[PDB]
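[1] got an experimental structure here, sequence first:
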Amino acid sequence: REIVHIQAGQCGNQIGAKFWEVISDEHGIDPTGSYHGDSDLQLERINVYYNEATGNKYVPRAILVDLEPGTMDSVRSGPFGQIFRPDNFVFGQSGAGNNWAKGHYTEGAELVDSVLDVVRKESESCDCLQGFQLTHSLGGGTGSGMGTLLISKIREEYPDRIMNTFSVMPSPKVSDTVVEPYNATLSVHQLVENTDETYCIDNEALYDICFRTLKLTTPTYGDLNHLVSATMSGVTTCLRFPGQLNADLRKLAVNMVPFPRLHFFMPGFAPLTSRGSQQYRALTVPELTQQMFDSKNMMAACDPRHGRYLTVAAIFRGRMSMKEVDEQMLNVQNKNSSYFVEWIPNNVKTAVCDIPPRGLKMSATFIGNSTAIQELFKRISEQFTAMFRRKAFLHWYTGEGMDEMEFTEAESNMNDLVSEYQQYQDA
Amino acid sequence: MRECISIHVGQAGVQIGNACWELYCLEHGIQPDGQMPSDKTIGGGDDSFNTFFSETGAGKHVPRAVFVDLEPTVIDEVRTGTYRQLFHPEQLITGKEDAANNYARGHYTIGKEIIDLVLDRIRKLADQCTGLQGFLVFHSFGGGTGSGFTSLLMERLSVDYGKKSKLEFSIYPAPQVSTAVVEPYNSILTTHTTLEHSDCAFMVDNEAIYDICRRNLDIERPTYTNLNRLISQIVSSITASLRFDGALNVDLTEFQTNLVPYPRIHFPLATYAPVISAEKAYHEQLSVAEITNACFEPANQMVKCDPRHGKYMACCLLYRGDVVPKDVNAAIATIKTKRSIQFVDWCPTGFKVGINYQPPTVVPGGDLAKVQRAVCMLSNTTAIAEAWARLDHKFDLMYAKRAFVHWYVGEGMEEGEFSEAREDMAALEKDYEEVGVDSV
Ligand SMILES: Nc1nc2c(ncn2[C@@H]2O[C@H](COP(=O)(O)OP(=O)(O)OP(=O)(O)O)[C@@H](O)[C@H]2O)c(=O)[nH]1
Ligand SMILES: Nc1nc2c(ncn2[C@@H]2O[C@H](COP(=O)(O)OP(=O)(O)O)[C@@H](O)[C@H]2O)c(=O)[nH]1
Ligand SMILES: [Ca+2]
Ligand SMILES: [Mg+2]
Ligand SMILES: [Mg+2]
């Protein structure tokens, strides 16, 4: 069951590269593409993400996309820059100017067919393609605008495949431009309709974690991407290593998505660590379970106590007592049963994987579908409305052919999504 | 790629061009003959400084610039000056008869005779571009060429280059160095005509620059040379993001996204620091916090107005030199709890920051102290409308009596163009008033 990976825009390519860097190390693949590991667990399902090449070389099934060559040139000169298939580098020259319209309708529409040629070339090599995963931000132009354009066209050509995304949400605390709420709202509209699974990665939460918890006075994007790569590794563990639970993208979707539009997940992770800062003390299982559920460990700036969990997927990594894990997992549900919907019996599922990530002897990754996620979309909607009520900064969009009505629809659909999440919070 | 083409129109535009391009050369280590030893790619390249310089096979780095004036004596000094080898003779264009402080002559009578030749020479630069970003236009509001010919050119550029971006550096008249009583007329006419065709315009109040030279550099009677060397530093700070690369470097177009909430509202206020003499800068280091706080002293603005009695729609900080984000963030946090900084209710209050590690440079024998770090704030304030208000009032005083209007009518203009232009300015003042009102 092969997965085709796509990374779009500056953010998309910067976390996308970091992702391939991290899991390549876990699968024992060096920058050359050669395997140098000591466990056979590493190679059993390496076909999910890697293509097998001459000399038993492994090549990521990854497609790199951008409307400017800057970031992708940095990727190609980065640590694992050479592992990527050079033909899978598809880039324009004009950029998107943090403009959704440019990415979706003009600049990106010019490039999108070239990208789909590569997607198609990769897909036909697959014995049994299960689907796609996209990494991108929603606050810019390329990843947000062209990324959702790609999603729409992939769904057209592969309507029976799963679409998955890692979507970075914009935050004023970590902001490039004022129009990020516009770009994000337009994108969420697209995501609600055309993805089955979306990991909501909030730059607000990533900032707060770095500041409040990791005590980083002034966090960079590099710091923020330490958390993202750690989270991305964890939520894909069940897909990359042998196991019985949530092993493919469809079975994850069937277990996590009770209603088709409500497919926006809160990722969580424990223990939280900063770059370089060495951890010497391994956490106990009770500690991992408590932390991975705490709001301070959520990658989406939402209070889980303000909502209810529809579904939960948990993945413990390392050498530990699987009996202690099940005990602690059952304790959380039994002590805080109110925060789990009673009309989905046994909605918490747990997996365990012997291989821990690098630098930690054990870890836990959390994937929650909570109604509390509405707080994320409400926040975006408020920032959106503040500007839109005065039609501020809209000329950037009307200049590319967009009409005000399209903003109104996007606004309305996100507010509908909010109310849908609220409907089940009071069930 | 991302080439930018500079167009210097009239005496003010040209002489400011001299200051800017001299300054660029020193910043990039380019010699007066155009050679650049540090540049190992001979005859071309994709480096950041190539946005402003093209390269010949002989290793000469040539400004992507055109100089235009309807009279030859100012550009002749360039043709025979220190940097004469820098420009191809075709980049330097002159007529024989200036516009005589008359917009009509600059736009119509004299200007129409040379406009086609100018567009041809501009076209020759553009075709050498692999990815032309846009134009930077330098001109005065007061001169007949600066006002009249510029507006004609901007109109023609919109036709020949569609929606390709066009930025202005406009010299706003001051009585201390004024050359004509009719500069208010020329100012209103060119502002009205260029408004639809400019994407972003940086106004430079000559009186603001004049005062800074007097107060901060102790120059008893500033010359154009004093003013231009100061102006070129602000221009350099603004274009630095295009000419240099860096991790924390933010492109001017990204700032532009924040600075222009509506098409007509495209006049950012510039504030630069530190402006200080060698005598005072000695054994005195101005920290990040100090130069940042100086950005909110109205005495340091390129345009005379009071932002403390207005509302902000954007605030951008463009640092250069020894600066790190930590110190910037600390300085900003302090400032917000001590200054009169108030935003409109429909816009976020976060300051957008850019840093170019390349330190500030000064021209030999210049009045500015060489400092380790500088900052240019670009803000969008309703207060900048005060500059329109002062100009419009002076316009009204004369036009009520139709003083000097016959000089314009004699060159083919109609009084309807004056009234149309003034009505547009009144609408513009009202626009800046409307954006400041709280939402309902
Ligand atoms: N800052 C600065 N302002 C200048 C300079 N030269 C002229 N000005 C201003 O420009 C205005 C006059 O316009 P000019 O540019 O000199 O005239 P012009 O553009 O050549 O148009 P003509 O009437 O045809 O000569 C006055 O307000 C001057 O103060 C200069 O070198 N530096
Ligand atoms: N976490 C993270 N967020 C980023 C990064 N780069 C940009 N962003 C965020 O994404 C938005 C800007 O989008 P960007 O990816 O630069 O636009 P694009 O290149 O046109 O797709 C803003 O909300 C940024 O905070 C990054 O490296 N990491
Ligand atoms: Ca070169
Ligand atoms: Mg970006
Ligand atoms: Mg002249």
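    Arrived safely. Numbers count the residues shown, from 1 in each chain, chains lettered A, B, ... in the order given. Ligands and ions are numbered 1, 2, ... in the order given.
[2] tell me who's in contact with the residue in chain B positioned nearest to ligand 2.
    Closest to ligand 2 within chain B is residue B:254: 9.4 Å, counting by CB to the nearest ligand atom. Quick note: C-beta positions are derived from backbone N, CA and C, even for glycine. By CB atoms under 8 Å, 6 or more residues apart in numbering or on different chains, the contact set of residue B:254 is A:97-98, A:176-177, B:352.
[3] what's the domain layout of the chain?
    With no chain named, the answer covers chain A. As assigned by curated CATH domains, chain A contains the domains A:2-267, A:268-375, A:376-426.
[4] the intended chain is chain B.
    Domain assignment of chain B by curated CATH domains yields the ranges B:3-259, B:269-387, B:388-435.
[5] and the shortest one, end to end?
    Taking CA to CA, to the nearest Å, domain B:388-435 runs 16 Å from one end to the other.
[6] packing partners of the lengthiest helix in chain A?
    Assignment by DSSP state H gives helix A:404-425 as the longest helix of chain A. Applying 3 or more CB pairs under 8 Å, 6 or more residues apart in numbering or on different chains; DSSP states H and E, we find helix A:404-425 packed against helix A:180-194, helix A:374-388.
[7] for chain A, what's the nearest residue on the stretch 51-200 of chain B?
    residue B:131 (5.9 Å; CB to the nearest CB).
[8] contacting residues around the closest residue to that residue other than its chain neighbours?
    Counting by CB to CB, 6 or more residues apart in numbering or on different chains, residue B:131 lies nearest to residue B:1, which is 3.1 Å off, once chain neighbours are set aside. By CB under 8 Å, 6+ apart, the residues touching residue B:1 are A:93, B:46, B:51, B:129-132.
[9] now do residue A:274
    Contacts for residue A:274 (CB under 8 Å, 6+ apart) come out as A:210, A:214-216, A:223, A:226.
[10] that one belongs to a strand?
    No: counting by DSSP: H, G, I helix; E, B strand; the rest coil, residue A:274 is not found in a strand; it is coil.
[11] returning to what we had before: distance of the residue nearest to residue B:131 from ligand 1?
    Between residue B:1 and ligand 1 the computed distance is 32 Å (CB to the nearest ligand atom, to the nearest Å).
[12] show me what from chain B comes close to ligand 3.
    Residues of chain B found near ligand 3 (CB under 5 Å from the ion) are B:39, B:41, B:45.
[13] please name the nearest non-neighbouring residue to the closest residue to ligand 2 within the stretch 251-400 of chain A.
    Relative to ligand 2, the nearest point of the stretch 251-400 of chain A is residue A:299 (10.3 Å; CB to the nearest ligand atom). Closest residue in space to residue A:299, ignoring its immediate chain neighbours: residue A:267 at 4.4 Å, by CB to CB, 6+ apart.
[14] give me the residues contacting the helix or strand in which the one you found is found.
    Assigned by DSSP states H and E, residue A:267 belongs to strand A:264-270. By CB under 8 Å, 6+ apart, the surrounding residues in contact with strand A:264-270 are A:191, A:197-201, A:227, A:230-231, A:234-235, A:256, A:283, A:287-288, A:291-293, A:297-300, A:302, A:304, A:363-370, A:372-373, A:376.
[15] and which of the contacts of residue B:254 is nearest residue A:339?
    Closest approach to residue A:339 among the contacts of residue B:254 (CB to CB): residue A:176, at 35.1 Å.
[16] does the closest one touch residue A:140 like I think?
    Yes: between residue A:176 and residue A:140 there is a contact at 7.1 Å, judged by CB atoms under 8 Å.
[17] neighbour-wise, which of these two wins?
    Remark: of residue A:176 and residue A:140, residue A:140 carries more neighbours, 34 against 18, as counted by other CB atoms under 10 Å in any protein chain shown.
[18] the more buried one looks like it's in a strand, true?
    No: judged by three-state DSSP, residue A:140 forms no part of a strand; its state is coil.
[19] what's near enough to touch it?
    The contact partners of residue A:140, by CB under 8 Å, 6+ apart, come to A:9-11, A:96, A:98, A:103, A:176, A:180, A:183.
[20] that older thread, most surrounded residue in the contacts of residue B:1?
    That'd be residue B:51 among the contacts of residue B:1, by other CB under 10 Å, with 21 neighbours.
[21] separation between that one and ligand 3?
    Counting by CB to the ion, to the nearest Å, the separation of residue B:51 from ligand 3 is 12 Å.
[22] for that residue, give me the backbone phi and psi.
    Dihedral pair for residue B:51: phi -70, psi -30, per degrees, to the nearest 10.
[23] residue contacts, it?
    B:1-4, B:64, B:133, B:242-243.
[24] show me the residues you listed that map onto helices.
    Among the contacts of residue B:51, the members falling in helices (DSSP H) are B:242-243.
[25] just the buried residues from the contacts of residue B:51, in ChimeraX please.
    Only the buried entries of these go into this ChimeraX selection, using 16 or more other CB atoms under 10 Å in any protein chain shown:
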select /B:2,3,4,64,133,242,243
